[PDB]
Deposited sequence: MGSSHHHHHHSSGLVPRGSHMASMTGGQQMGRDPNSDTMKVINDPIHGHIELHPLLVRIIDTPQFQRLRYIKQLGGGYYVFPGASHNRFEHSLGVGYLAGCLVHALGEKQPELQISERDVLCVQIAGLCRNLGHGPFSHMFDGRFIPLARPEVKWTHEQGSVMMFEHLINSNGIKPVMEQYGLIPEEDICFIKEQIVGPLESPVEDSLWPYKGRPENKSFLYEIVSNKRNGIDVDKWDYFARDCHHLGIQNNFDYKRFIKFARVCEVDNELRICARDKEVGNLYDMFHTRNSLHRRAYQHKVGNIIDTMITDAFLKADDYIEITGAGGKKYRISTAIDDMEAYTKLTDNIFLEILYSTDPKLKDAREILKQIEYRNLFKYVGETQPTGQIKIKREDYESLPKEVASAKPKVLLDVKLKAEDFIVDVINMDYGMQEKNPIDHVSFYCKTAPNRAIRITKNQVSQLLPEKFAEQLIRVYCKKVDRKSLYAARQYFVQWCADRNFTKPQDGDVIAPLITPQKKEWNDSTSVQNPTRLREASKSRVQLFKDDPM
C-alpha cells in the first residue's frame, strides 16, 4: 500500500500517506460528504455546495504544511514523522463531529432539543474518532507506521478538544507545546482550520479571500515563551494578523450570518424538532434513536447526515405532515419575513437565558399607530448573534507572540496602540434580527411598527430603514435624532 494524490481546487495536489488513506476510507469519515459546510447558506449562495469532507482534507493538508515548515526551518525542535502524522490525523479528523447542515445542528437544533446537555462539535469529533479507530482496526496500522497508539491517540484527541483532564497535556510534553497551536488553537484562534475555510468558503461563495496563509507559514517560527516552545509570528505581520480576524468577521457578516440563510437554518431546525418523534435512526445492536438522541450512539450518528432533510421531504407518513410542510414552504420560498436588525447600546449585553423573553417583549410593545392586525409573541422570531474575534471581549492579538528580524529567537509582545489607531476599539458585539412568521403585507407592517417601538423602548440602535418602515415611530425617539 502506498500514498495517494488528490486534486483539490483550493490546494492543488495533496499527498496522502497510507495511514491517512486508511482513516479516510471509512464510513465514519466518508459520512462527511453528506453534510454541507455552510448548511442553509447553500440556499442563498448557490456556489456553496461544498461539504465537510473536502474541508477536512484541506485542514489535514494545511496542518501537514505548517508542521513540516516548522520542522524544516528549525531542526532543533526535534519534530518526528510520528508528530507530523499525528498532527495530520488531528487536522483531518477535527470535523468528524459535525451534524446535519453543520452549524444548524450544534448551534440551533441540539441546544433546543437537548438543553440539558452541553454538546460541541469538538466532543462529537473525539467520539466519532474513537468509533472510527475501533470499528476499522486502525491501531495496528498506526503501529505499522511507527505510531504509539496510547500516547498518540491521546495526542490527537487533545489537539481536537483540548486537555481531557501546570502542563495539562499528556499526549506531548511542554517542549512540543507549539504542536497544539496548529489544528485547533485554543490560545488565540490562529489555526489551519480557519485558513482552509477562508480559502474554500470564499472559492465557493463567490467572495474573495484577502488572507495569505502561505505568507504566515513562511514567517512563523518557534520561540520560548514562559517555559513552553510556542509559535511566534514575525513582528511586521501583526497588521495582517488583525486583518485575518477582520476577514473572519466579514465572512460572518456577508455569508455565515446572512439574514435569509439564518432564517432557513431556523425553519429546518423547526422541521427537525417537529419530526424528532417519528424519524428513527438504527444504531448499534439494532436499537432505535431519534435525531436528538443519535449523538448518544456513534453508529447511529454515523448515519445522521443532511439525508434527514430529504427523508422528511419525501415522506408519506401522516405523523410527519407538519414537518414536511415546513420543508415544503422552504422549497416554495415561502419563508418567514425579515423585519429588521438592531443593536444594544451602552454596556448592555443580552444573555442566553433571556433569549426566550424577547419575542414576548416585541409583541408587548405599544406603537402609537393605526394597526389592522394584532400580532402575538409566537408570531415573532428574535435571533441574537454574538460577533467577536473568537475570544469573547478579548483582543486575540494580545495573545500572540512575535519575533524580530534582529533576534529571531526572542519572543516579544505588541500592543494595539503600537499598530494603528484605525483598528477596532471593541472586539465583541451583538446583532439582533427580528423576523415575523405571518407573511401578509398588513402583518408585516404591524410587525415593523412593533419592532421599531421595541427598539425605541429598550434604547437599541435605530434600524437602518427606520424612517421608511415606521415614519410615525422614529421621531418620538430623540436619541435617534
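- Residues of the deposited sequence lacking C-alpha coordinates, counted from 1, fall in the stretches 1-36, 202-207, 524-550.
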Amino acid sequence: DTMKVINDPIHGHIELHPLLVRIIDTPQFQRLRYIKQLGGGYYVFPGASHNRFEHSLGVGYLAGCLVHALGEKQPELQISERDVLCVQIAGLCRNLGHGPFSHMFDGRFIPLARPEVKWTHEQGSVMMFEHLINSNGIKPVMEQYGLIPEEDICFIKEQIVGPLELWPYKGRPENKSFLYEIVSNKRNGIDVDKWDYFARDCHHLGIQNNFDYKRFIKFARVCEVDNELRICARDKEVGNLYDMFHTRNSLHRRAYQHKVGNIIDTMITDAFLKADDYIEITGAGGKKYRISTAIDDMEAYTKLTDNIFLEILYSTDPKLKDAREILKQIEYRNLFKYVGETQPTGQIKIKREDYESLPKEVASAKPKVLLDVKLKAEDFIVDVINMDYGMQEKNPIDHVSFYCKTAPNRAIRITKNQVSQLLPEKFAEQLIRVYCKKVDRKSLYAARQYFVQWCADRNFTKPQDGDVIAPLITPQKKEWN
From here on, numbers count along this sequence of modelled residues.
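- Stretch comparison (112-120 versus 239-247) by mean CA B-factor in the PDB entry places 112-120 on top.
- Stretch comparison (283-291 versus 126-134) by mean CA B-factor in the PDB entry places 283-291 on top.
- The PDB entry gives the largest Cα B-factor of the residues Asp106, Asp191, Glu331, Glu228 to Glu228.
- Looking at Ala363, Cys154, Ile89, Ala220, the one whose CA carries the top B-factor in the deposited record is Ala363.
- Compared with the other modelled residues of the chain, the Cα B-factor recorded for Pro18 ranks in the middle third.
- For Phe29, the recorded CA temperature factor ranks within the middle third of the chain's modelled residues.
- Placement of the Cα temperature factor of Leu66 within the chain: lowest third of the modelled residues, per the deposited record.
- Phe309 sits in the lowest third of its chain by CA B factor, as recorded in the PDB entry.
- Annotation for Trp195: C-alpha temperature factor in the lowest third relative to the rest of the modelled chain, per the entry.
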